[PDB]
Amino acid sequence: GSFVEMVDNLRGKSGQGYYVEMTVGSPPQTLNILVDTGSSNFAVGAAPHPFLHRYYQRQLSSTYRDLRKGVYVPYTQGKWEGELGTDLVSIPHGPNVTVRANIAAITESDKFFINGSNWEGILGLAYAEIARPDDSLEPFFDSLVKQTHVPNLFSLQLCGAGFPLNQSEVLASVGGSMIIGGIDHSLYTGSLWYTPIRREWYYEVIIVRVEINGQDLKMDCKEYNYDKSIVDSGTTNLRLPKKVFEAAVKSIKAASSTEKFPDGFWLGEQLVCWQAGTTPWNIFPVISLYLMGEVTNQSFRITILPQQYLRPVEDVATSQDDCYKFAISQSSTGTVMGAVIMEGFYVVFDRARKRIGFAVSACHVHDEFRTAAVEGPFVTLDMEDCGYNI
Amino acid sequence: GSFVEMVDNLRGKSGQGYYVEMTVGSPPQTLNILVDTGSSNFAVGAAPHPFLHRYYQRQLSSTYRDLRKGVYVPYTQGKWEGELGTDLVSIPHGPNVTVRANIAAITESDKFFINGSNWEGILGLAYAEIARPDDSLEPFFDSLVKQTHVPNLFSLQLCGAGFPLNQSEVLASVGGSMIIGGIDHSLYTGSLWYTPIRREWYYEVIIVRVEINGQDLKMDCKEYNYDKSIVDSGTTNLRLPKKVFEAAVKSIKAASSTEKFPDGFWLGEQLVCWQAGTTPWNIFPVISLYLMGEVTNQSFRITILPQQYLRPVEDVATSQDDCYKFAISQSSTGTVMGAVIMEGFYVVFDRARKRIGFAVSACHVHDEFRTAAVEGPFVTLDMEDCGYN
Ligand SMILES: CCCN(CCC)C(=O)c1cc(C)cc(C(=O)N[C@@H](Cc2cc(F)cc(F)c2)[C@H](O)[C@H]2CN(S(=O)(=O)c3ccccc3)CCN2)c1
Ligand SMILES: CCCN(CCC)C(=O)c1cc(C)cc(C(=O)N[C@@H](Cc2cc(F)cc(F)c2)[C@H](O)[C@H]2CN(S(=O)(=O)c3ccccc3)CCN2)c1
């Protein structure tokens with residue numbers, strides 16, 4: 001590990017998002033910011049809200065600059081509207097630099113902030129193409145790289161605990177690491193395999209094959225990326241295109257058929273519980289996603305365990321049972337490799353070389369019989385045809 | 001002799017299938033159903049789908065009965081997942097009867113429904129042996145015959161237009177006729193010749209000889225029926241076993257050599273166009289399929305024209321050119337006499353006498369020089385050897 005100052009600088013969990021501490025303004029105002037590779041706007045609460053115990057106060061910052069322009073950003077989930085401006089920003093547990101970046105001061109929001117999440121803003125790490133209102137609003141990471149000598153690359157190690165974390169616990173627990181400008185070798189085991197970033201807007205990738213316990217889902221690979229596949233820390237679940245979701249669920253059900261679970265479970269709505277320590281991990285299948293490699297006709301795969309796709313939750317009776325929710329759901333906007341998937345790996349967003357790396361995470365949850373994996377190479381043809389075109 | 005209430009009750013085209021109107025439930029829910037002699041399950045969309053503008057709503061039918069069982073049916077083309085049940089079914093332009101039949105309520109599907117086809121379900125008319133999940137699930141036609149006095153027989157007259165039919169046109173045009181329980185003499189000319197239904201699962205038949213412009217393809221006749229030969233309205237093209245397909249294409253290319261076409265054409269993937277009205281039908285050969293007759297050592301033949309095996313399609317430029325696709329393709333599951341072949345004839349599915357009849361269709365496309373034909377008899381020996389085991 002060569003970036004000890006940034007190791008363990010994240011907190012949170014898959015269900016409420018992982019955040020990093022930042023400061024904005026002069027004097028610096030400390031705020032917790034959700035790490036989101038699924039959007040491109042840096043925005044912070046700038047007015048009172050029931051779920052916020054603090055927010056950005058522009059009138060108290062001598063370096064605040066008003067851009068005299070409003071902005072409205074609706075996400076799948078919720079939305080917010082705010083006022084654009086710029087100010088000096090820093091990351092206490094990050095590179096030792098300060099940069100002037102665009103900041104959307106959130107004045108109104110609907111279903112955006114999460115009660116008890118402990119974060120007050122969002123850091124969109126994706127590209128300018130999807131920044132609102134348009135690509136002229138330079139994203140934070142672009143500002144960071146342009147104004148400093150920090151390498152154009154960041155890596156994320158999201159650490160799920162493997163069990164429920166109450167309010168106090170989630171506040172004291174280390175949730176992972178965000179290495180700004182590099183790769184810390186202590187955060188993973190095995191080798192790093194890279195898949196190309198198909199296009200620079202979302203961190204889009206191309207999945208070329210899918211297996212459930214080694215069994216090929218056998219769908220036209222184009223289906224896996226319809227209408228796109230992205231790596232998104234700003235989303236809890238692994239979301240899959242309708243048809244892929246239906247096929248996957250059918251296969252996962254078949255593999256775990258020794259136990260019958262209610263429809264609400266597979267819909268990702270209701271939890272299932274087992275007596276403390278008896279979760280039958282072994283009856284659930286591993287899931288392998290093959291991704292396009294950097295070399296022609298070459299692919300590699302990442303394999304996740306049920307310890308990744310079954311999200312730990314507290315029982316409604318807060319009993320001593322171990323409960324979870326099925327963390328895979330359908331999408332109508334392409335595949336979304338959310339936080340529960342990222343929790344099994346150390347993910348390297350290599351913007352400089354337009355590629356994303358994957359390696360088994362040193363903090364992924366597993367059992368004595370199975371482990372997550374990143375293996376290769378495999379001979380795969382016509383992978384370009386797996387990519388979708390509107 | 002004539003069934004005016006059923007004449008012209010079909011709509012559609014070879015490329016998207018021919019369908020008949022049906023009603024399910026109480027009160028009646030009208031749906032357009034694909035006529036398919038190549039499968040044995042009656043199934044209808046029962047949940048929203050981008051290609052459907054209507055579907056079966058079980059909660060609105062007082063006569064709906066839940067069988068509490070799912071059913072999964074994968075076809076060559078696509079597939080659907082459904083829930084089994086029964087309900088009262090009728091055919092507005094068919095026999096004046098109501099039947100309680102098995103219905104698979106399609107809840108999920110992959111490449112099954114066709115955008116713009118106008119049908120929302122499928123009517124598998126083949127036998128129980130190939131019904132899913134197993135042969136205990138009585139096919140619609142079996143229920144029909146068992147619950148009513150309708151004769152155990154139906155006949156199909158699929159009418160290809162000979163040219164492309166746009167969206168509005170195909171919706172207003174008469175696609176043909178499905179006569180349930182009888183034979184309408186106005187739908188064909190000449191005599192009806194019958195070939196035996198080898199076995200009751202698919203409507204399986206035995207081809208004993210193949211000719212391209214009179215020239216014998218000269219293959220072991222067992223190759224023509226490997227691993228089976230069926231009459232399937234649920235498939236567009238004439239599909240032939242790999243080895244037969246390769247020999248047939250070579251012969252058809254040789255016969256039409258005065259003009260060269262790209263490989264994509266012979267692969268049935270790309271169209272070929274000619275200035276309006278100039279399609280060189282005459283350079284293309286007729287295709288004759290000899291079928292086993294009902295009399296020992298006797299056979300008859302049905303002759304198809306390029307007007308049948310070249311499927312009319314609209315040019316990408318919507319120009320005034322007359323374009324087509326080669327409607328003959330390779331198969332790995334035996335010969336499939338699809339819609340384009342059926343369009344040249346009136347086909348009688350005589351279940352009661354376990355045989356299929358063919359007669360020149362009153363609506364087949366042709367030109368002033370050639371016509372489709374059904375002629376016989378011919379002396380053919382060891383025809384049983386042509387069947388695959
Ligand atoms: C239920 C509470 C939220 N959580 C748990 C905590 C993480 C989810 O699991 C969850 C679930 C669903 C169905 C959607 C989202 C979502 O929208 N995430 C966005 C970030 C986010 C996090 C949050 F905490 C609350 C929010 F309001 C939003 C992410 O940037 C998407 C957004 N889109 S875009 O097309 O809208 C889009 C928006 C803006 C620009 C470009 C595209 C693309 C993929 N990247 C999040
Ligand atoms: C490209 C769109 C479809 N069209 C144009 C519209 C007609 C085709 O030209 C076409 C092309 C090919 C290569 C196959 C089929 C096909 O599977 N047809 C089945 C009906 C069908 C129609 C449709 F509209 C969409 C579909 F999903 C399916 C038919 O029941 C077969 C099925 N099999 S079985 O072995 O699977 C089989 C299935 C079930 C039980 C037993 C065997 C045997 C021969 N009878 C259709």
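The sequence lines fix the lettering, A, B, ..., with proteins before strands; numbering per chain opens at 1. Read the numbers this way: they start at 1 and go in the same order the structure lists the ligands and their atoms. Hydrogens, waters and symmetry mates play no part in the numbers below; they use all other heavy atoms, side chains included.
Interface of A:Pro74 with ligand 1, defined as ligand atoms under 4.0 Å from a residue heavy atom, comprises 38 (C). Taking a cut-off of under 4.0 Å to the non-hydrogen atoms of B:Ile114, the atoms of ligand 2 that pass are 6 (C), 24 (F). Distances below 4.0 Å separate heavy atoms of B:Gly15 from the following atoms of ligand 2: 5 (C), 6 (C). In the vicinity of A:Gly38, heavy-atom distances shorter than 4.0 Å reach the ligand 1 atoms 30 (O), 31 (C), 43 (C), 44 (C), 45 (N). Ligand-side atoms of ligand 1 in range of A:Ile230: 44 (C), range being under 4.0 angstrom from any heavy atom. Atom numbering of ligand 1 starts at 1 in the shown order; those under 4.0 Å from a heavy atom of A:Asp232 are 29 (C), 31 (C), 44 (C), 45 (N). Shown in contact with A:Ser39 at under 4.0 Å from a heavy atom are these atoms of ligand 1, numbered in order with element: 30 (O).
Between B:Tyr127 and B:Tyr203, the two ring planes are tilted [angle within 30° to 60°]. Ring orientation note: the planes of B:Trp80 and B:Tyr75 are tilted relative to one another, at an angle of 30° to 60°. By the 30° and 60° cut-offs, the orientation of the rings of B:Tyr388 relative to B:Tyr226 is perpendicular.
Residues that satisfy the salt bridge (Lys or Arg N to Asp or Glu O under 4.0 Å) test with A:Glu246, not counting sequence neighbours, are A:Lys242.
Looking at atom 37 (C) of ligand 2, its nearest protein heavy atom turns out to be B:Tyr202 OH, 4.3 Å. Residue, atom and distance of the protein heavy atom nearest to atom 3 (C) of ligand 2 are B:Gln77 CG, 3.8 Å. Of all protein heavy atoms, the one lying nearest to atom 46 (C) of ligand 2 is B:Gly234 O, 3.5 Å. B:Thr235 CG2, 4.3 Å is the protein heavy atom nearest to atom 11 (C) of ligand 2. Protein heavy atom closest to atom 38 (C) of ligand 2, with residue, atom name and distance, is B:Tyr75 CD2, 3.6 Å. The protein non-hydrogen atom at the shortest distance from atom 27 (F) of ligand 2 is B:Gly78 N, 3.0 Å. Atom 25 (C) of ligand 1 has A:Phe112 O, 3.7 Å as its closest protein atom, hydrogens excluded (heavy atom only).
You'll find the ring centres of B:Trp119 and B:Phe112 inside the 6.0 Å limit. Under the 6.0 Å cut-off for aromatic ring centres, B:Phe140 and B:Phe42 qualify, their centroids lying closer than that.
With a heavy-atom cut-off of 4.0 Å, A:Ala126 does not touch ligand 1 at all. Residue contacts with ligand 2, taken as heavy atom pairs separated by less than 4.0 Å, do not involve B:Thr333 at all.
For the pair A:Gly124 and ligand 1, no heavy-atom separation below 4.0 Å is found. For A:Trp80, the heavy-atom gap to ligand 1 stays at 4.0 angstrom or more. Within the structure, the closest approach of B:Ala339 to ligand 2 does not fall below 4.0 Å when heavy atoms are considered. Heavy atoms of B:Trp119 approach ligand 2 to within less than 4.0 angstrom.
The pair A:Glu204-A:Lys228 does not meet the salt-bridge criterion, since no charged nitrogen lies less than 4.0 angstrom from a carboxylate oxygen. Taking 4.0 Å as the cut-off between side-chain N and carboxylate O, A:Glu120 and A:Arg54 count as a salt-bridged pair. Looking at A:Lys250 and B:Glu81, a side-chain N of the basic residue comes within less than 4.0 Å of a carboxylate O on the acidic one, giving a salt bridge. In this structure, B:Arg351 pairs ionically with B:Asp142, as a charged nitrogen and a carboxylate oxygen lie closer than 4.0 Å.
A donor-acceptor contact closer than 3.5 angstrom links the side chains of B:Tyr19 and B:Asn118. A donor-acceptor contact closer than 3.5 angstrom is absent between the side chains of B:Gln16 and B:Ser117. Between the side chains of B:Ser136 and B:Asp134, at least one donor N or O lies within less than 3.5 Å of an accepting N or O.
Selection from B:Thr236, B:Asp36, B:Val336, B:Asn41 by nearest heavy atom to atom 8 (C) of ligand 2 gives B:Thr236. Scanning B:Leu34, B:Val73, B:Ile122, B:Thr76 for the heavy atom closest to atom 14 (C) of ligand 2 points to B:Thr76. Considering only non-hydrogen atoms, atom 40 (C) of ligand 1 lies nearest to A:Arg132 out of A:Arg239, A:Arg132, A:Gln16.
Note on residues 102-112 of chain B: pairs passing side chain to side chain donor-acceptor pair (under 3.5 Å), not counting sequence neighbours, are A:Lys243-B:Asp110.
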